[PDB]
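Below you'll find only one chain, the form deposited in one PDB entry, shown as structure tokens.
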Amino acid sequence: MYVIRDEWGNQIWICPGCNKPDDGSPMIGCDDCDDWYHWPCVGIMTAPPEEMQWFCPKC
């Protein structure tokens, strides 16, 4: 993941799928590498069940 340092000195973690900061969009964490992606960027449409583990293209 790219991290942006903005004008306020805050750190923004960027989706590796689109690599764009203007998110809002909900994100999902990879349960192997812990990169975080926007749901639409990895084809997720609804909140997935809590019991489940999601894994990101690389892993």
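Shifts are known only where both forms have a C-alpha. All residue numbers are counted from 1 along the displayed sequence. The term rigid core refers to the maximal set of C-alpha atoms that superpose within 1.5 Å between the two forms.
Separately, the form deposited in another entry exists; it is not shown, and the next lines address it.
Enquirer: Hey, does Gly43 budge by 2 Å or more at the Cα between the shown form and the other one once the core is superposed?
Expert: No, the C-alpha moves less than 2 Å.
Enquirer: Would you say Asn10 moves between the shown form and the other one, meaning its CA shifts by 2 Å or more once the core is fitted?
Expert: After core superposition, the C-alpha of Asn10 moves 2 Å or more between the shown form and the other one.
Enquirer: Could you identify the runs between the shown form and the other one where three or more consecutive residues, present in both forms, all have C-alpha shifts of 2 Å or more after superposing the core?
Expert: Moving stretches, in sequence order: 2-11, 21-24.
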